[PDB]
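Working notes, beginning with the structure itself.
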2 protein chains.
Amino acid sequence: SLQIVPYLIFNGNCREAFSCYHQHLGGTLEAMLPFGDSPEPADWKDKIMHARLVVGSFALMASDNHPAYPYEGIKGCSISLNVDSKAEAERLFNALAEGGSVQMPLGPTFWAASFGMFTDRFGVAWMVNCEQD
Amino acid sequence: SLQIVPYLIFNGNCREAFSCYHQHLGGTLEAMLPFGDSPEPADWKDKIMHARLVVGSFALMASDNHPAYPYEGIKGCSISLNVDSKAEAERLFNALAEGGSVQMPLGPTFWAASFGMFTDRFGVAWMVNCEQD
């Protein structure tokens with residue numbers, strides 16, 4: 001009960017973004033549904049009405065912006081990833097960061113064994129964080 | 001393992017919000033570390049270095065922004081709440097929206113018994129979603 005899940009908004013590259021989240025995060029991509037194959041309007045526009053990536057017991061949901069609403073990227077928050085090992089934190093940091101940019105280089109801080117901040121090439125700010133080992 | 005957790009950044013009002021959040025959503029507020037009692041600039045701001053709210057197996061995290069860095073609000077993104085009751089939706093939609101701003105009033109849609117988008121007093125976009133009773 002009571003499930004809190006982040007819903008994200010891309011400006012057209014949701015399908016590409018989730019496919020990579022999938023590849024690197026694992027889990028099941030329960031949904032990759034285009035506006036075209038839905039009850040929607042706009043024309044030639046089968047971007048993604050809704051998408052759902054489930055990983056163990058967490059979920060990312062997303063959508064390609066409706067072209068009736070101005071688009072600003074993602075700002076107030078980031079998707080933090082608490083992982084169980086340094087190898088995994090490095091592997092994820094490396095995977096999603098490629099192509100994007102790094103706000104805070106991966107490494108130890110006073111609260112974690114490995115931590116970093118970055119935005120991926122589809123505009124999404126992540127944290128990768130491993131406290132343990 | 002692997003925990004996905006959304007990290008919200010607030011502009012000075014992280015306490016007041018997570019409080020409010022704590023109240024409505026219930027659960028446990030571990031963490032409400034202010035800068036003043038931090039293991040780390042910019043006096044005159046003893047606001048929230050780190051705050052963590054845990055409800056069941058989910059969580060929310062936040063802090064007030066560093067004052068150096070400019071703050072563009074929280075944008076491309078919304079916390080989706082999923083729960084079991086059309087009442088529970090009404091409860092959550094109503095508390096968290098008080099003083100807010102609505103973008104889809106609470107009602108049926110093709111994918112949900114009850115559903116609503118809004119933005120709380122504190123600048124956070126929420127979705128509420130129900131799909132049964």
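Chain lettering (A, B, ...) mirrors the order of the structure tokens, residue numbering begins at 1 for each chain separately, and ligand numbering begins at 1 in order of display.
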Can you write out as a Markdown table which residues of chain A fall within 6 Å of chain B, alongside each residue's closest atom pair and its distance in Å to one decimal, counting only C-alpha atoms and ordering rows by chain and ascending residue number?
| residue | atom | partner | partner_atom | distance |
| --- | --- | --- | --- | --- |
| A:2 | CA | B:83 | CA | 4.6 |
| A:3 | CA | B:82 | CA | 4.9 |
| A:4 | CA | B:81 | CA | 4.8 |
| A:5 | CA | B:80 | CA | 5.1 |
| A:6 | CA | B:79 | CA | 4.6 |
| A:7 | CA | B:78 | CA | 5.1 |
| A:8 | CA | B:77 | CA | 4.7 |
| A:9 | CA | B:76 | CA | 5.5 |
| A:73 | CA | B:76 | CA | 5.2 |
| A:74 | CA | B:76 | CA | 3.6 |
| A:75 | CA | B:75 | CA | 4.7 |
| A:76 | CA | B:74 | CA | 2.8 |
| A:77 | CA | B:8 | CA | 4.3 |
| A:78 | CA | B:7 | CA | 5.1 |
| A:79 | CA | B:6 | CA | 4.7 |
| A:80 | CA | B:5 | CA | 5.0 |
| A:81 | CA | B:4 | CA | 5.1 |
| A:82 | CA | B:3 | CA | 5.0 |
| A:83 | CA | B:2 | CA | 4.8 |
Chain A least-squares fitted onto chain B over all paired Cα atoms, as a compact mmCIF listing (two decimals) with N, CA, C and O atoms, in the first residue's frame:
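Writing the result to superposed_27.txt gives the following:
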# COMPACT_ATOMS: atom_id res chain seq x y z
N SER A 1 17.39 -4.49 -1.86
CA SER A 1 18.38 -3.86 -2.82
C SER A 1 17.93 -2.89 -3.95
O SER A 1 16.77 -2.86 -4.37
N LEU A 2 18.88 -2.12 -4.43
CA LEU A 2 18.63 -1.06 -5.37
C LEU A 2 17.40 -0.23 -5.08
O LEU A 2 16.34 -0.57 -5.53
N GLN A 3 17.55 0.87 -4.38
CA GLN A 3 16.44 1.63 -3.89
C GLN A 3 16.36 2.87 -4.75
O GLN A 3 17.37 3.58 -4.88
N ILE A 4 15.22 3.15 -5.39
CA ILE A 4 15.16 4.43 -6.10
C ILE A 4 14.26 5.30 -5.29
O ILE A 4 13.16 4.88 -4.95
N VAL A 5 14.76 6.48 -4.93
CA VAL A 5 14.04 7.48 -4.12
C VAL A 5 14.10 8.88 -4.74
O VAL A 5 15.19 9.31 -5.03
N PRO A 6 13.01 9.64 -4.87
CA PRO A 6 13.15 11.05 -5.38
C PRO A 6 13.83 11.98 -4.39
O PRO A 6 13.45 11.99 -3.25
N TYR A 7 14.78 12.79 -4.79
CA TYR A 7 15.36 13.83 -3.90
C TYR A 7 14.86 15.23 -4.31
O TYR A 7 15.04 15.64 -5.46
N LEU A 8 14.23 15.98 -3.43
CA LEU A 8 13.68 17.25 -3.88
C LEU A 8 14.48 18.46 -3.34
O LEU A 8 15.17 18.36 -2.31
N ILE A 9 14.32 19.64 -3.98
CA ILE A 9 15.02 20.79 -3.52
C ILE A 9 14.09 21.97 -3.29
O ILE A 9 13.47 22.42 -4.18
N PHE A 10 13.97 22.43 -2.06
CA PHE A 10 13.20 23.67 -1.73
C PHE A 10 14.11 24.92 -1.59
O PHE A 10 15.35 24.85 -1.37
N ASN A 11 13.50 26.08 -1.74
CA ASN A 11 14.25 27.26 -1.53
C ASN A 11 13.98 27.82 -0.13
O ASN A 11 13.58 28.95 0.01
N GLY A 12 14.16 27.03 0.91
CA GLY A 12 14.14 27.54 2.29
C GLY A 12 13.00 26.96 3.14
O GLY A 12 12.94 27.24 4.36
N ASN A 13 12.05 26.24 2.52
CA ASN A 13 10.85 25.87 3.28
C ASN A 13 10.71 24.37 3.37
O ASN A 13 9.62 23.85 3.66
N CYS A 14 11.83 23.68 3.14
CA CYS A 14 11.89 22.26 3.30
C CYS A 14 11.35 21.77 4.68
O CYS A 14 10.51 20.85 4.72
N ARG A 15 11.82 22.36 5.78
CA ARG A 15 11.33 21.97 7.09
C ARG A 15 9.83 22.09 7.15
O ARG A 15 9.19 21.12 7.46
N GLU A 16 9.25 23.24 6.82
CA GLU A 16 7.81 23.29 6.78
C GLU A 16 7.20 22.21 5.89
O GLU A 16 6.13 21.66 6.25
N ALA A 17 7.85 21.88 4.75
CA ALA A 17 7.17 21.04 3.70
C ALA A 17 7.12 19.59 4.21
O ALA A 17 6.06 18.95 4.19
N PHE A 18 8.23 19.14 4.78
CA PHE A 18 8.31 17.79 5.24
C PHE A 18 7.48 17.57 6.41
O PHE A 18 6.93 16.53 6.54
N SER A 19 7.28 18.59 7.23
CA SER A 19 6.46 18.42 8.41
C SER A 19 5.02 18.13 7.98
O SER A 19 4.28 17.37 8.61
N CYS A 20 4.61 18.72 6.88
CA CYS A 20 3.26 18.52 6.39
C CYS A 20 3.12 17.12 5.64
O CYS A 20 2.18 16.32 5.95
N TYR A 21 4.05 16.81 4.71
CA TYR A 21 4.24 15.43 4.18
C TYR A 21 4.14 14.44 5.33
O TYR A 21 3.34 13.52 5.27
N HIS A 22 4.90 14.64 6.42
CA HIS A 22 4.77 13.80 7.54
C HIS A 22 3.35 13.72 8.05
O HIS A 22 2.70 12.61 8.17
N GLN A 23 2.81 14.88 8.40
CA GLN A 23 1.47 14.87 9.00
C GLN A 23 0.47 14.08 8.17
O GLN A 23 -0.42 13.48 8.74
N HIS A 24 0.61 14.07 6.82
CA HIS A 24 -0.51 13.67 5.95
C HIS A 24 -0.26 12.36 5.32
O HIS A 24 -1.22 11.70 4.85
N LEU A 25 1.02 11.98 5.28
CA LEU A 25 1.44 10.81 4.62
C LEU A 25 1.72 9.78 5.64
O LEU A 25 1.74 8.59 5.33
N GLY A 26 1.96 10.19 6.88
CA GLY A 26 2.29 9.19 7.89
C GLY A 26 3.73 8.84 7.75
O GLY A 26 4.49 9.64 7.29
N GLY A 27 4.14 7.66 8.17
CA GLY A 27 5.56 7.29 8.08
C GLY A 27 6.38 7.88 9.19
O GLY A 27 5.87 8.44 10.07
N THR A 28 7.68 7.77 9.09
CA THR A 28 8.67 8.23 10.02
C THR A 28 9.62 9.22 9.31
O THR A 28 10.19 9.00 8.21
N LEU A 29 9.81 10.31 10.01
CA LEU A 29 10.65 11.32 9.54
C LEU A 29 12.05 10.95 10.14
O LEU A 29 12.36 11.36 11.28
N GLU A 30 12.81 10.11 9.42
CA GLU A 30 14.12 9.64 9.91
C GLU A 30 15.19 10.74 10.05
O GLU A 30 16.22 10.55 10.73
N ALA A 31 14.96 11.90 9.46
CA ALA A 31 16.02 12.93 9.45
C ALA A 31 15.51 14.36 9.19
O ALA A 31 14.72 14.65 8.29
N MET A 32 15.98 15.29 9.96
CA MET A 32 15.55 16.66 9.76
C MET A 32 16.76 17.43 10.14
O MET A 32 16.77 18.07 11.18
N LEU A 33 17.83 17.30 9.39
CA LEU A 33 19.10 17.81 9.86
C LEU A 33 19.46 19.27 9.27
O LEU A 33 19.49 19.44 8.08
N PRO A 34 19.65 20.33 10.13
CA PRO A 34 20.06 21.67 9.67
C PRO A 34 21.52 21.77 9.36
O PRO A 34 22.31 21.03 9.95
N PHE A 35 21.87 22.65 8.41
CA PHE A 35 23.25 22.93 8.02
C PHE A 35 23.98 23.31 9.27
O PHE A 35 24.98 22.77 9.51
N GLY A 36 23.44 24.22 10.06
CA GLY A 36 23.98 24.56 11.36
C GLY A 36 24.49 23.38 12.15
O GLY A 36 25.63 23.39 12.58
N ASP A 37 23.70 22.34 12.34
CA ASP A 37 24.16 21.23 13.15
C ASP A 37 24.88 20.21 12.33
O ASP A 37 24.84 19.04 12.66
N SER A 38 25.57 20.63 11.28
CA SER A 38 26.35 19.71 10.45
C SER A 38 27.84 20.09 10.18
O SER A 38 28.39 21.01 10.79
N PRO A 39 28.51 19.34 9.29
CA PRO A 39 29.78 19.89 8.80
C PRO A 39 29.50 20.83 7.60
O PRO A 39 30.19 20.78 6.58
N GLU A 40 28.48 21.67 7.77
CA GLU A 40 27.90 22.57 6.73
C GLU A 40 27.43 21.85 5.44
O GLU A 40 27.62 22.34 4.30
N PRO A 41 29.28 27.46 2.74
CA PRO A 41 28.89 27.70 4.14
C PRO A 41 27.64 28.58 4.39
O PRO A 41 26.62 28.07 4.88
N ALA A 42 27.76 29.88 4.06
CA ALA A 42 26.88 31.00 4.50
C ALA A 42 26.68 31.16 6.05
O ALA A 42 27.07 30.26 6.83
N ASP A 43 26.16 32.31 6.48
CA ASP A 43 26.02 32.63 7.92
C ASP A 43 24.57 32.38 8.23
O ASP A 43 23.91 31.70 7.44
N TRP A 44 24.07 32.91 9.35
CA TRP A 44 22.63 32.81 9.71
C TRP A 44 21.79 32.18 8.56
O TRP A 44 21.18 32.90 7.75
N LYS A 45 21.83 30.84 8.49
CA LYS A 45 21.26 29.99 7.42
C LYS A 45 21.08 28.50 7.83
O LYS A 45 21.65 27.61 7.22
N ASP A 46 20.29 28.22 8.88
CA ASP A 46 19.97 26.82 9.33
C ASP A 46 18.58 26.25 8.90
O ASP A 46 17.74 25.76 9.60
N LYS A 47 18.42 26.46 7.62
CA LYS A 47 17.71 25.71 6.70
C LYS A 47 18.13 24.24 6.77
O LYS A 47 18.90 23.91 7.68
N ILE A 48 17.67 23.37 5.82
CA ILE A 48 17.84 21.94 6.08
C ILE A 48 18.82 21.24 5.23
O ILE A 48 18.61 21.20 4.02
N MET A 49 19.89 20.69 5.79
CA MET A 49 20.92 20.08 4.98
C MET A 49 20.34 18.86 4.31
O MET A 49 20.62 18.57 3.12
N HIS A 50 19.47 18.14 5.02
CA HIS A 50 18.98 16.89 4.48
C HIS A 50 17.81 16.29 5.21
O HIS A 50 17.70 16.34 6.39
N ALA A 51 16.85 15.75 4.55
CA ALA A 51 15.74 15.32 5.33
C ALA A 51 15.27 14.03 4.72
O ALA A 51 15.45 13.83 3.51
N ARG A 52 14.64 13.15 5.51
CA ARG A 52 14.28 11.83 4.96
C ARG A 52 12.99 11.41 5.59
O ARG A 52 12.88 11.44 6.81
N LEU A 53 11.98 11.15 4.77
CA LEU A 53 10.66 10.76 5.17
C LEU A 53 10.44 9.30 4.70
O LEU A 53 10.53 9.00 3.51
N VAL A 54 10.23 8.34 5.59
CA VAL A 54 10.16 7.00 5.06
C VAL A 54 8.77 6.59 5.36
O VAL A 54 8.21 6.86 6.47
N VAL A 55 8.19 5.95 4.34
CA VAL A 55 6.77 5.50 4.46
C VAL A 55 6.65 4.09 3.97
O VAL A 55 6.87 3.78 2.74
N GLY A 56 6.32 3.22 4.88
CA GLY A 56 6.48 1.87 4.53
C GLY A 56 7.80 1.60 3.89
O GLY A 56 8.84 1.67 4.50
N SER A 57 7.80 1.31 2.63
CA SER A 57 9.05 0.94 2.00
C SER A 57 9.43 2.00 0.93
O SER A 57 10.42 1.87 0.22
N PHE A 58 8.65 3.06 0.81
CA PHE A 58 9.15 4.21 -0.02
C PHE A 58 9.79 5.38 0.78
O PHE A 58 9.64 5.46 2.01
N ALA A 59 10.49 6.26 0.09
CA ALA A 59 11.13 7.34 0.80
C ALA A 59 11.14 8.58 -0.06
O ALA A 59 11.38 8.44 -1.23
N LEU A 60 10.80 9.74 0.53
CA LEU A 60 11.10 11.04 0.00
C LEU A 60 12.35 11.60 0.66
O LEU A 60 12.40 11.64 1.84
N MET A 61 13.34 12.08 -0.08
CA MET A 61 14.46 12.84 0.54
C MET A 61 14.44 14.26 0.05
O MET A 61 14.03 14.48 -1.11
N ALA A 62 14.92 15.20 0.87
CA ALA A 62 14.94 16.61 0.41
C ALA A 62 16.08 17.41 1.00
O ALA A 62 16.76 16.88 1.89
N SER A 63 16.24 18.66 0.55
CA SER A 63 17.31 19.55 1.04
C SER A 63 16.97 21.01 0.81
O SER A 63 16.25 21.30 -0.18
N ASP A 64 17.40 21.93 1.69
CA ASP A 64 17.10 23.38 1.40
C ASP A 64 18.22 23.84 0.47
O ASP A 64 19.37 23.52 0.74
N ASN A 65 17.92 24.42 -0.70
CA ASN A 65 19.03 24.84 -1.58
C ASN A 65 20.17 25.60 -0.87
O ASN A 65 19.95 26.38 0.05
N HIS A 66 21.39 25.30 -1.27
CA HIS A 66 22.63 26.02 -0.87
C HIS A 66 22.62 27.44 -1.42
O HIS A 66 22.67 27.63 -2.61
N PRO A 67 22.71 28.43 -0.58
CA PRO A 67 22.62 29.69 -1.26
C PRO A 67 23.73 30.03 -2.30
O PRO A 67 23.67 31.12 -2.88
N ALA A 68 24.66 29.11 -2.61
CA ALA A 68 25.67 29.37 -3.70
C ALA A 68 25.16 28.99 -5.08
O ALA A 68 25.91 29.12 -6.06
N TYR A 69 23.94 28.44 -5.19
CA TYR A 69 23.44 27.96 -6.47
C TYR A 69 22.11 28.55 -6.71
O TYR A 69 21.27 28.59 -5.80
N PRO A 70 21.91 29.11 -7.92
CA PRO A 70 20.66 29.79 -8.23
C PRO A 70 19.49 28.82 -7.94
O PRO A 70 19.72 27.59 -7.97
N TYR A 71 18.28 29.32 -7.68
CA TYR A 71 17.21 28.36 -7.33
C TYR A 71 16.14 28.41 -8.37
O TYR A 71 15.49 29.48 -8.60
N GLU A 72 15.87 27.27 -8.98
CA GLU A 72 14.64 27.16 -9.72
C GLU A 72 13.87 26.12 -8.98
O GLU A 72 14.47 25.21 -8.40
N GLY A 73 12.56 26.26 -9.02
CA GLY A 73 11.64 25.38 -8.33
C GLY A 73 11.75 23.97 -8.84
O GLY A 73 12.87 23.52 -9.20
N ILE A 74 10.64 23.23 -8.88
CA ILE A 74 10.74 21.81 -9.29
C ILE A 74 10.06 21.74 -10.62
O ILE A 74 9.00 22.26 -10.79
N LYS A 75 10.64 21.13 -11.61
CA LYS A 75 9.96 21.14 -12.87
C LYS A 75 9.76 19.80 -13.63
O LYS A 75 8.64 19.41 -14.00
N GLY A 76 10.80 19.10 -13.95
CA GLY A 76 10.48 18.09 -14.94
C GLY A 76 9.51 16.96 -14.58
O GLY A 76 8.99 16.31 -15.47
N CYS A 77 9.32 16.74 -13.28
CA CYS A 77 8.59 15.62 -12.80
C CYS A 77 7.69 15.88 -11.60
O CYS A 77 7.69 16.99 -11.06
N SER A 78 6.86 14.88 -11.26
CA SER A 78 5.95 14.94 -10.10
C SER A 78 5.91 13.69 -9.30
O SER A 78 6.32 12.63 -9.81
N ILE A 79 5.48 13.81 -8.03
CA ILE A 79 5.53 12.67 -7.12
C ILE A 79 4.19 12.02 -7.14
O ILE A 79 3.23 12.53 -6.66
N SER A 80 4.10 10.90 -7.78
CA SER A 80 2.82 10.33 -7.94
C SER A 80 2.45 9.51 -6.68
O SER A 80 3.28 8.71 -6.22
N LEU A 81 1.22 9.64 -6.15
CA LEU A 81 0.80 8.80 -5.02
C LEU A 81 -0.29 7.77 -5.31
O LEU A 81 -1.46 8.13 -5.36
N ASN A 82 0.08 6.48 -5.48
CA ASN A 82 -0.88 5.38 -5.70
C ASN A 82 -1.32 4.95 -4.31
O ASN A 82 -0.52 4.46 -3.48
N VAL A 83 -2.60 5.23 -4.05
CA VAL A 83 -3.34 4.99 -2.83
C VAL A 83 -4.50 3.90 -3.09
O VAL A 83 -5.03 3.74 -4.21
N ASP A 84 -4.90 3.15 -2.06
CA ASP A 84 -5.87 2.00 -2.19
C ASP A 84 -7.41 2.30 -2.12
O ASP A 84 -8.22 1.38 -2.17
N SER A 85 -7.84 3.56 -2.06
CA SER A 85 -9.22 3.85 -1.84
C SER A 85 -9.58 5.28 -2.28
O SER A 85 -8.72 6.15 -2.25
N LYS A 86 -10.84 5.55 -2.64
CA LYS A 86 -11.20 6.92 -3.04
C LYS A 86 -11.11 7.84 -1.83
O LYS A 86 -10.77 9.04 -1.95
N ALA A 87 -11.36 7.29 -0.65
CA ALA A 87 -11.42 8.23 0.47
C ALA A 87 -10.02 8.78 0.66
O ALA A 87 -9.84 10.01 0.98
N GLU A 88 -9.04 7.89 0.45
CA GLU A 88 -7.68 8.29 0.72
C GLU A 88 -7.19 9.21 -0.37
O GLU A 88 -6.52 10.20 -0.09
N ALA A 89 -7.58 8.95 -1.61
CA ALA A 89 -7.14 9.82 -2.60
C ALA A 89 -7.75 11.21 -2.30
O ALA A 89 -7.06 12.26 -2.46
N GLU A 90 -9.01 11.26 -1.85
CA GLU A 90 -9.57 12.58 -1.66
C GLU A 90 -8.82 13.26 -0.51
O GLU A 90 -8.46 14.45 -0.61
N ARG A 91 -8.57 12.51 0.56
CA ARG A 91 -8.00 13.08 1.75
C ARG A 91 -6.60 13.66 1.48
O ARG A 91 -6.25 14.77 1.92
N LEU A 92 -5.79 12.92 0.71
CA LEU A 92 -4.50 13.43 0.35
C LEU A 92 -4.64 14.57 -0.61
O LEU A 92 -3.93 15.53 -0.49
N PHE A 93 -5.50 14.50 -1.59
CA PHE A 93 -5.52 15.54 -2.56
C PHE A 93 -5.84 16.79 -1.77
O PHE A 93 -5.25 17.86 -1.93
N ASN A 94 -6.79 16.64 -0.87
CA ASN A 94 -7.24 17.84 -0.18
C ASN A 94 -6.19 18.41 0.66
O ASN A 94 -5.95 19.60 0.57
N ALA A 95 -5.51 17.53 1.40
CA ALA A 95 -4.46 17.98 2.32
C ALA A 95 -3.32 18.74 1.59
O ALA A 95 -3.12 19.93 1.83
N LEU A 96 -2.63 18.11 0.68
CA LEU A 96 -1.45 18.72 0.13
C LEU A 96 -1.80 19.91 -0.82
O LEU A 96 -1.01 20.85 -0.98
N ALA A 97 -3.00 19.90 -1.39
CA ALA A 97 -3.38 20.89 -2.45
C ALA A 97 -3.68 22.22 -1.81
O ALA A 97 -3.38 23.31 -2.35
N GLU A 98 -4.19 22.17 -0.60
CA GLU A 98 -4.52 23.46 0.13
C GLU A 98 -3.47 24.53 0.08
O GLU A 98 -2.37 24.31 0.42
N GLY A 99 -3.77 25.67 -0.45
CA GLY A 99 -2.68 26.61 -0.44
C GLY A 99 -1.85 26.66 -1.72
O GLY A 99 -1.01 27.62 -1.92
N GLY A 100 -2.09 25.67 -2.58
CA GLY A 100 -1.31 25.55 -3.77
C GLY A 100 -2.25 25.74 -4.92
O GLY A 100 -3.07 26.67 -4.93
N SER A 101 -2.15 24.89 -5.92
CA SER A 101 -2.97 25.09 -7.08
C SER A 101 -3.26 23.76 -7.78
O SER A 101 -2.50 22.85 -7.64
N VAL A 102 -4.30 23.66 -8.57
CA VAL A 102 -4.77 22.37 -9.10
C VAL A 102 -4.61 22.32 -10.62
O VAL A 102 -5.16 23.22 -11.32
N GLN A 103 -3.86 21.34 -11.15
CA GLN A 103 -3.69 21.31 -12.61
C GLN A 103 -4.77 20.44 -13.23
O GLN A 103 -5.09 20.63 -14.42
N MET A 104 -5.33 19.51 -12.44
CA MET A 104 -6.23 18.59 -13.01
C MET A 104 -7.04 18.10 -11.89
O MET A 104 -6.61 17.24 -11.16
N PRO A 105 -8.28 18.59 -11.79
CA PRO A 105 -9.22 18.33 -10.66
C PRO A 105 -9.34 16.82 -10.32
O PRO A 105 -9.47 16.05 -11.20
N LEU A 106 -9.32 16.43 -9.06
CA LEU A 106 -9.58 15.07 -8.68
C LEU A 106 -10.84 14.40 -9.28
O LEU A 106 -11.93 14.84 -9.06
N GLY A 107 -10.72 13.29 -9.98
CA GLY A 107 -11.93 12.55 -10.35
C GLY A 107 -11.56 11.41 -11.27
O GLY A 107 -10.39 11.17 -11.52
N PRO A 108 -12.55 10.69 -11.79
CA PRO A 108 -12.17 9.53 -12.63
C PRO A 108 -11.79 9.92 -14.02
O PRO A 108 -12.21 10.96 -14.50
N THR A 109 -10.97 9.08 -14.62
CA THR A 109 -10.38 9.25 -15.92
C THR A 109 -10.50 7.85 -16.43
O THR A 109 -10.85 6.97 -15.63
N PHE A 110 -10.09 7.60 -17.68
CA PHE A 110 -10.15 6.27 -18.28
C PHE A 110 -9.25 5.17 -17.74
O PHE A 110 -9.29 4.06 -18.21
N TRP A 111 -8.44 5.47 -16.75
CA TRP A 111 -7.38 4.59 -16.28
C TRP A 111 -7.43 4.60 -14.78
O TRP A 111 -6.80 3.75 -14.14
N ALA A 112 -8.12 5.57 -14.20
CA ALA A 112 -8.25 5.47 -12.76
C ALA A 112 -9.62 5.88 -12.21
O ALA A 112 -10.40 6.67 -12.86
N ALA A 113 -9.91 5.30 -11.03
CA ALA A 113 -11.11 5.64 -10.35
C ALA A 113 -11.07 7.04 -9.82
O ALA A 113 -12.11 7.64 -9.83
N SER A 114 -9.93 7.53 -9.30
CA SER A 114 -9.78 8.97 -8.94
C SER A 114 -8.38 9.42 -9.23
O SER A 114 -7.46 8.74 -8.80
N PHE A 115 -8.19 10.53 -9.96
CA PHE A 115 -6.82 10.96 -10.30
C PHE A 115 -6.79 12.46 -10.20
O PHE A 115 -7.80 13.06 -10.54
N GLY A 116 -5.67 13.04 -9.77
CA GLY A 116 -5.53 14.49 -9.87
C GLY A 116 -4.10 14.84 -9.88
O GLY A 116 -3.27 14.01 -9.47
N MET A 117 -3.86 16.09 -10.33
CA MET A 117 -2.58 16.73 -10.37
C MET A 117 -2.67 18.06 -9.65
O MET A 117 -3.69 18.83 -9.88
N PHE A 118 -1.66 18.36 -8.80
CA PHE A 118 -1.59 19.68 -8.22
C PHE A 118 -0.20 20.04 -7.78
O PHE A 118 0.65 19.17 -7.73
N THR A 119 0.05 21.31 -7.50
CA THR A 119 1.29 21.71 -6.91
C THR A 119 0.97 22.15 -5.50
O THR A 119 -0.04 22.83 -5.29
N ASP A 120 1.78 21.77 -4.53
CA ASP A 120 1.52 22.22 -3.15
C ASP A 120 2.12 23.60 -2.93
O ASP A 120 2.82 24.11 -3.82
N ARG A 121 1.82 24.19 -1.78
CA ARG A 121 2.17 25.55 -1.51
C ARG A 121 3.67 25.57 -1.29
O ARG A 121 4.20 26.61 -1.10
N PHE A 122 4.40 24.45 -1.33
CA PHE A 122 5.85 24.59 -1.16
C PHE A 122 6.41 24.29 -2.50
O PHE A 122 7.61 23.97 -2.60
N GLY A 123 5.56 24.35 -3.54
CA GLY A 123 6.03 24.18 -4.91
C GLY A 123 6.17 22.77 -5.50
O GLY A 123 6.82 22.61 -6.50
N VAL A 124 5.56 21.74 -4.92
CA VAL A 124 5.84 20.36 -5.35
C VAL A 124 4.62 19.82 -6.11
O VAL A 124 3.47 19.79 -5.60
N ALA A 125 4.87 19.40 -7.35
CA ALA A 125 3.76 18.82 -8.17
C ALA A 125 3.44 17.34 -7.73
O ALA A 125 4.32 16.53 -7.67
N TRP A 126 2.21 17.06 -7.31
CA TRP A 126 1.84 15.73 -6.97
C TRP A 126 0.88 15.17 -7.98
O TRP A 126 0.36 15.93 -8.85
N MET A 127 0.76 13.83 -7.99
CA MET A 127 -0.35 13.14 -8.55
C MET A 127 -0.89 12.28 -7.43
O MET A 127 -0.18 11.67 -6.60
N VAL A 128 -2.19 12.30 -7.35
CA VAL A 128 -2.87 11.40 -6.50
C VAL A 128 -3.67 10.49 -7.44
O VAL A 128 -4.29 10.98 -8.44
N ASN A 129 -3.66 9.19 -7.15
CA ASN A 129 -4.18 8.26 -8.13
C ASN A 129 -4.65 7.05 -7.47
O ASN A 129 -3.90 6.34 -6.80
N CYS A 130 -5.92 6.78 -7.65
CA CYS A 130 -6.47 5.52 -7.14
C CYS A 130 -7.22 4.77 -8.25
O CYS A 130 -8.23 5.25 -8.73
N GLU A 131 -6.64 3.65 -8.69
CA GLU A 131 -7.21 2.78 -9.70
C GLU A 131 -8.36 1.97 -9.21
O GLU A 131 -9.39 1.91 -9.87
N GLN A 132 -8.16 1.35 -8.05
CA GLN A 132 -9.07 0.38 -7.45
C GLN A 132 -10.40 0.99 -7.06
O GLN A 132 -11.20 1.32 -7.91
N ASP A 133 -10.62 1.14 -5.76
CA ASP A 133 -11.92 1.57 -5.25
C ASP A 133 -11.74 2.36 -3.93
O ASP A 133 -12.66 3.03 -3.42
Strand (DSSP E or B) call set, DSSP backbone run, chain A, as JSON, numbers by chain | {"A": [3, 4, 5, 6, 7, 8, 9, 10, 28, 29, 30, 31, 32, 33, 34, 48, 49, 50, 51, 52, 53, 54, 55, 58, 59, 60, 61, 62, 63, 64, 77, 78, 79, 80, 81, 82, 101, 102, 103, 104, 105, 106, 107, 114, 115, 116, 117, 118, 119, 125, 126, 127, 128, 129, 130]}
Using DSSP on the backbone, list every residue of chain A that comes out as alpha helix (DSSP H), and give them as a ChimeraX atom specification.
-> /A:14-25,86-97
